[PDB]
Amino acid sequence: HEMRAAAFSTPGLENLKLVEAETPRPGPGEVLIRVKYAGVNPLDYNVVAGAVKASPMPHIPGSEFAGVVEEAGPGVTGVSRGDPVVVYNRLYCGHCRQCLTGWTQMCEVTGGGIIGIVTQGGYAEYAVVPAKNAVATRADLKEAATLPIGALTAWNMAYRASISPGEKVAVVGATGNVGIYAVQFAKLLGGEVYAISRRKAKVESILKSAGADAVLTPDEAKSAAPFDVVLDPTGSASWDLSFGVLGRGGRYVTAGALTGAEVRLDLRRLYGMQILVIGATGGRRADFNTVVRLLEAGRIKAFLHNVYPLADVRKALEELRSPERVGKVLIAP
């Protein structure tokens, strides 16, 4: 039993090719998912490019996916064949200090391991995941496939920012997969939301439909400072802008896609203004349930740009960088 998959034997986008792979089988506590849609994210790009080591090798990437349960492993209850599911992408033990306080993405036993990085991922017709990671959903699976990275990372960022109604929130990288949900969550929490894009002219309507009160270029954002919160899911790419626009008590919530991100930090400005720089990665297992429910209720929206077949995975990854891309790129195995 074979399946189609995109895999690399050595890092580099040039090495990501369509192959035939043995179809995996679920053991105890696991489910086999027929992948319907997989998200295309900076994280997946950087994994393929070798920013971090993947296992196993040769490696199928794809850390964000949704699909239909094909086979439940032994002992598995609560999910059966035919169930549409979307996959929480962190392996977690459920028994360590981090898991027991809800921070499952920080699990001490698995090391925070990400499905599709330390296991084979969703750029394939089938994938095996822990049954407790598969969340049943009534949402359209194209839309649900924007949740495990894009929406959940943005939720976790906004949660860790302590946004109060009235507060001015700048979202850097607001056109990106995480950023566009960060606009939505910051507005859902009561923020006055300023979405930052160099493409303001072209993307203004999309970002306002996501809840932005204003769409500013980076240079316009500097004139609109100060901000109470900056949500910046781009690593170090915009550090100078993000840090400088914060006011007293400002919170800079930082997330990234695992590229190197060393920056110059002025501690004196940080302590003089009582700024907090707040790291965020992934999201809590409980919050993933909340995000799925918000999507089902129409309270958040999935902004989609294009869907590619598996054979076009290289083209899909390169589309991340296209100036005409506004919204999510998906793979349909």
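Residues carry their position along the shown sequence, with the first being 1.
- Averaged over Cα atoms, the B-factor as recorded in the entry is higher for 161-169 than for the other of 161-169 and 250-258.
- The mean Cα B-factor in the deposited entry runs higher for 219-227 than for the other of 219-227 and 151-159.
- Considering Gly29, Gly279, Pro42, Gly283 together, the PDB entry gives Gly29 the largest C-alpha B factor.
- In this entry, the residue among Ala72, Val183, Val118, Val129 with the greatest C-alpha B factor is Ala72.
- Split the chain's modelled residues into thirds by C-alpha temperature factor. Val245 is in the middle one.
- When the modelled residues of the chain are ordered by C-alpha B-factor, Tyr88 sits in the lowest third.
- The PDB entry assigns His305 a C-alpha temperature factor belonging to the highest third of its chain's modelled residues.
- Ranked by C-alpha B-factor against the other modelled residues of its chain, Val326 falls in the highest third.
- Split the chain's modelled residues into thirds by C-alpha temperature factor. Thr77 is in the highest one.
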